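One structure below.
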Amino acid sequence: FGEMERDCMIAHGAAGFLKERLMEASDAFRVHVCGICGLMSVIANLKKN
Amino acid sequence: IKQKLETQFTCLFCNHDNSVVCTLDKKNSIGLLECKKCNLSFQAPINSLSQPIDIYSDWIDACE
Amino acid sequence: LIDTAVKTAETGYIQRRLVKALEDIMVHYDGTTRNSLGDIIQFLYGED
Amino acid sequence: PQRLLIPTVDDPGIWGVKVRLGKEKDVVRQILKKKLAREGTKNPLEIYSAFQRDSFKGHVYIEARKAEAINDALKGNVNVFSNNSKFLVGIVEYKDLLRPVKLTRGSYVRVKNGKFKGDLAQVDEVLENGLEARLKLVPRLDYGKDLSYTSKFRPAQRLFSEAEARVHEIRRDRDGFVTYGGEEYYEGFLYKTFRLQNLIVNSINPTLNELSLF
Amino acid sequence: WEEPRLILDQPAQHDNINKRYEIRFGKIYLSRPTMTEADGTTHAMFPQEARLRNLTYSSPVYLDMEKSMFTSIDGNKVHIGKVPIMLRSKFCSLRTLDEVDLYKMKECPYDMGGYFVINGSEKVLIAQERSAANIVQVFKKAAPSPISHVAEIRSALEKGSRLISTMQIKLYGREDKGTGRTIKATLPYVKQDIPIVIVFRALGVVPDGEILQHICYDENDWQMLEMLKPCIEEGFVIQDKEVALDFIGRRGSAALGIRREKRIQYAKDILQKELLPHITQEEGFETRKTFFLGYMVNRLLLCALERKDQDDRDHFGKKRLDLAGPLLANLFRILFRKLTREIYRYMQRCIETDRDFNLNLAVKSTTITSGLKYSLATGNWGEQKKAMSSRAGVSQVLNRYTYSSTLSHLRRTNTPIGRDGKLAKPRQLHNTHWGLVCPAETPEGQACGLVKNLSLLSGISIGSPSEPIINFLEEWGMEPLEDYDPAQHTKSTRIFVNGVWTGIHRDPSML
Amino acid sequence: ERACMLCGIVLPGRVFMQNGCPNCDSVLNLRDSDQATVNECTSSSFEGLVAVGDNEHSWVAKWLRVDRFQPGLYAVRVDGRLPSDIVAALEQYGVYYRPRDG
Amino acid sequence: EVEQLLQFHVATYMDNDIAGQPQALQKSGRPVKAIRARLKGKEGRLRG
RNA sequence: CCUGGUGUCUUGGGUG
DNA sequence: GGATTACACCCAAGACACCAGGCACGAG
DNA sequence: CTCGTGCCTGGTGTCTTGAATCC
Ligand SMILES: [Zn+2]
Ligand SMILES: [Zn+2]
Ligand SMILES: [Zn+2]
């Protein structure tokens, strides 16, 4: 899904479709951030919560 | 107009490198080498085509 | 054959710069045409 | 006293010169040949000495009175960089250029060669002459299991077990001392001689595993 | 025989005893390709086995080497490597056999060869297009440049055929800009452009009147003479040979401080060799270079005077095709020097032991064998450590999809200009391609117009010695260059043999 | 190559066997020794190769205490020490051993 | 010489296209892929 | 008795 | 002095060197 | 049985000099 296909979906105004293609249908990832310093420096043990 | 140029030549006497300054006066066809360290001076004739390497060459032969 | 093969990349570069220049330009609900900074480019789209 | 031999302004100068890595000893050699060959001729090589320190890779130092002699010493030498890169050393830096510089029984060292490479060992004793040291080592043995070794295909470390050797594959020599496959094991440890140059005595860092064991 | 001897020396003081160690390379002998198993057994290798077992179809090469030992108080057939053999050539085991036995060797009689086998893969060499050597070309320069016309030549020897150096003559001064419109040249291994008159004087011809007699052969042409006017005055103060030669040496990339007593003698080498080496390199022949230099300046001004068009870079007569022969020689040359230095570096250690070296321990055949195999397998034309800057794609896997495709692939040519640089001139079908390369067959895409294919009746010159041609020209009336004067010879024709001006003849029509 | 522990000179080992040490052999007698003796007085392990061309006027030579010796190759550091029995014999000869091992 | 070499390695670790000096090379002979080169061009992190 | 990893960097030749 | 130079796709074809040290085998 | 030489494996470390237009 190259740069030129990205532009076509903008022209159609299909913003919802473009988001899904580039996330859920590919390499979607969850990260944690610190609300104070804004870095991805959070150490998250999910079973210990 | 005179040309005052710094060079990367080594003085034949004090051995300090990058301390020889060349003043080429083409209006009178007189070139001048100067040492920014030990303070010596050497004079030699220059043409219109000469460059700091031309008089510094003449200084090597004037010693030997 | 040379012309078609050469000048296709000339126009391909043209289209790429045009898209990046204009991609963020949107019609807003007041009829103005604006970019992402909210600068007004036209007070009414296409003047009509 | 060494303090009376310090250099003065009356002593020759010392220049450093950049040379091809690994070719420093060769350049020192070549300079000596040139010096000796020209002694007594009308064009002697006017250098006094030249040397190269291992700690100072890629450099040779040359002792003389005039810079021109340095250029003369190196002329045509294929191991020397042609750029006019020599540098002057200060008199106050001379002796440090010539600084020459452990191991005690009961201390630990790390082995540098063989299947025991990287292993911690106790220094048991050294040879009379002074070259190889007897080391006490946790063995890496198979009890002849697949006989009819390298450091990449060796065995895990485990104390020698003489009853296992008795069962599976051995000469008793003393209390707790066995010779097994021509190596000596005393109270479970290998005692084996290594060249001193084959052990590391400095800056050893015990590992987690070594703290657990020793 | 390009560098036929290795020489060492030590002035024994350890009763001085100069002991020169010398090694001389002699005759070359070739053997048919042989498979040597890990066993040690050998047999003749035929291609079908070589394809199947991913072997290289190559011949062992043996070289005579001779030792000699000068001592003054004051070998045999060593193996140097394997060379891949082109199938169906004279050194391939299939060249004989005859149709009956070809079928037994599993070889197809329609297979015409022309390719190599490297690790089981069939590799064909692609003809490389280059500009001719030893020819003068004049081009015009773009507007924002002080130069308006440039003459250029890349000089290359006849023996071997290999590149040496490149030389340029630039005409400065724009249209009514550039004031004094003088001419300076560019010399190999000299940092700055040197005016023409200075190099004329530096070769041994110093008074003005002789200089102009070497360039312009028409005393009436005042337009041409007016353009050489500023060149005389900007090089007037250099009035003799010695100060001319020293003016050169003070720029030629050397060290600082070689004094006038020797800086002349260093520049005399840069003039005798490297500058126009295709004419001659022996001493006492500077008359040929001075006469040739005048010809160049003459050609330069004809284009600047708009009496002759600038040269057309795409004219096919100014082009050459490097095929399998020349391409291998250039690669073999580079690798044989590499083998040579490893022998030299090995003697300096093995003679300090004062032990007779067994020769076979001082020739590592991996240098040539791995060198040729690697370059033929990847197409990277150079030493492996220098894979960039080297030319790529000279060797390619032979396309065997269909029979027609095999014929086309073996007759392909390549121009190595790039994909960088748009325009059209190297890509266009030029008029002079008629009958020499196909007007129809060219790839689509990025290579379009740069990769070409030889027409059906084309051939490529194998090369011929120029020496018999000289003998024929002098026998039928050609007059030497020392007998030539533009006042007496205001009408005779100049004669060139491989780009060097060698003589003049007054009646060319019969000749 | 080995280095003499007494004077620091660097020579091919066989030289120590053939001719003895050129600086030391008046007291060390390596010429007339066995290989065990040569190997106790000379070391295969040394560092800092020094070309001494002019012993008597070199500061480098004076620092290394080779200024009274012959021109040649010397080592800054020689590993090992002379055996105590040989040190004792040298001392009987009025020779004082100053170790060159650092 | 040793401090300048630490400066060198830290520089070509981030950018190995420094103008006016030779590139850091792998033992294979090809240039080291620095972080700057990871992000630029058609195949890098942003366009690719 | 559910989970289940096979390379990269180039170069060259091709397709629209 | 650098940076710019269409898009996507297919497939076949390749890979560190030298020196030193240690161990094993053969010959005296 | 001992010594020397050759081969293999592991560890550490580079260098003889030799495509064109624009801002
Ligand atoms: Zn935070
Ligand atoms: Zn001075
Ligand atoms: Zn001694």
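Protein chains in written order, with my numbering: chain A, 1 to 49; chain B, 50 to 113; chain C, 114 to 161; chain D, 162 to 375; chain E, 376 to 886; chain F, 887 to 988; chain G, 989 to 1036.
The beta carbon of each residue, even a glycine, is placed where N, CA and C say it ideally should be.
Own chain, CB closer than 6 Å to residue i, minus 5 neighbours either side, in chain order
i: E649 (chain E); result: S540, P563
i: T744 (chain E); result: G456, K457
i: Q685 (chain E); result: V513, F514, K515, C678
i: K498 (chain E); result: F491, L751, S770
Range of the contiguous beta strand (DSSP E) that encloses residue i
i: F350 (chain D); result: 350-356
i: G80 (chain B); result: 79-84
i: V525 (chain E); result: 524-531
i: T557 (chain E); result: Looking at the DSSP string, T557 (chain E) is not in any beta strand (DSSP E), and its letter there is neither H nor E.
i: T446 (chain E); result: 433-447
CB contact below 7 Å: residue i versus chain D
i: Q388 (chain E); result: yes
i: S929 (chain F); result: no
Interface flag, residue i vs chain E, CB-CB below 7 Å
i: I127 (chain C); result: no
i: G1029 (chain G); result: no
i: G1017 (chain G); result: yes
i: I109 (chain B); result: yes
i: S106 (chain B); result: yes
i: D74 (chain B); result: no
i: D66 (chain B); result: no
Chain A within 7 Å of residue i, Cβ atoms only
i: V132 (chain C); result: yes
Residues of its chain near residue i, where Cβ-Cβ distance is below 8 Å and the 5 sequence neighbours each way are ignored
i: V250 (chain D); result: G174, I175, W176, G177, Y222, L258
i: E325 (chain D); result: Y304
i: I510 (chain E); result: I528, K693, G874
Start and end residues, alpha helix (DSSP H) containing residue i
i: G899 (chain F); result: 899-904
i: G700 (chain E); result: 699-725
Below-7 Å beta-carbon distance, residue i vs any chain C residue
i: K797 (chain E); result: yes
i: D27 (chain A); result: no
i: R380 (chain E); result: no
i: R794 (chain E); result: no
Proximity winner among the options, relative to residue i (alpha-carbon distances)
i: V574 (chain E); options: E:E601, E:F622, E:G555; result: E:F622
i: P883 (chain E); options: E:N789, E:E854, E:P484; result: E:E854
i: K85 (chain B); options: B:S68, B:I95, B:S97, B:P101; result: B:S68
i: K683 (chain E); options: E:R674, E:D689, E:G669; result: E:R674
i: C927 (chain F); options: F:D940, F:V952, F:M903; result: F:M903
i: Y592 (chain E); options: E:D860, E:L702, E:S628, E:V872; result: E:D860
i: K1015 (chain G); options: E:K761, E:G659, E:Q588; result: E:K761
Beta carbon proximity, residue i to chain G, threshold 7 Å
i: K748 (chain E); result: no
Any chain F beta carbon closer than 7 Å to residue i
i: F212 (chain D); result: yes
i: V189 (chain D); result: yes
Cβ neighbours of residue i in the same chain (closer than 7 Å, five flanking residues each side left out)
i: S833 (chain E); result: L811
i: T340 (chain D); result: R332, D334
Residue-chain proximity (residue i, chain B), Cβ-Cβ < 7 Å
i: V618 (chain E); result: no
i: residue 892 (chain E); result: With chain E represented from 376 up to 886, any question about residue 892 (chain E) goes unanswered, as that position is not in the structure.
i: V612 (chain E); result: yes
message = To be precise: take each residue of the segment 996-1013 of chain G, compare its Cβ to all Cβ atoms of chain E, and keep it if any distance is under 8 Å. Which residues remain?
response = none
request  = Please list the residues of the segment 962-985 of chain F that have a C-beta atom closer than 8 Å to any C-beta atom in chain D, keeping them in chain order.
outcome  = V962, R963, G966, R967, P969
inquiry  = Give me the subset of the segment 620-637 of chain E whose CB atoms are less than 9 Å from a CB atom of chain B, sorted by chain position.
reply    = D621, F622, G624, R625, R626, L631, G632, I633, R634, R635, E636
ask   = Which residues, taken in chain order from the segment 198-209 of chain D, show a beta carbon closer than 9 Å to some beta carbon of chain E?
value = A198, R199, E200
task = Select from the segment 812-823 of chain E all residues with a C-beta closer than 9 Å to any C-beta belonging to chain C, and list them in chain order.
result = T817, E819, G820, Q821, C823
key: Contact list for the segment 740-767 of chain E against chain G, Cβ threshold 9 Å   = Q759, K760, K761, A762, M763
ask   = Taking any Cβ of chain F, which residues in the segment 255-276 of chain D have a Cβ under 9 Å from it, in chain order?
value = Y255, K256, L258, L259, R260, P261, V262
query = Given a limit of 7 Å on CB to CB distance, which residues of the segment 222-234 of chain D reach chain F?
reply = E224
task = Below 9 Å between beta carbons is the criterion; list the residues of the segment 288-307 of chain D that meet it against any residue of chain F, in chain order.
result = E289, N290, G291, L292
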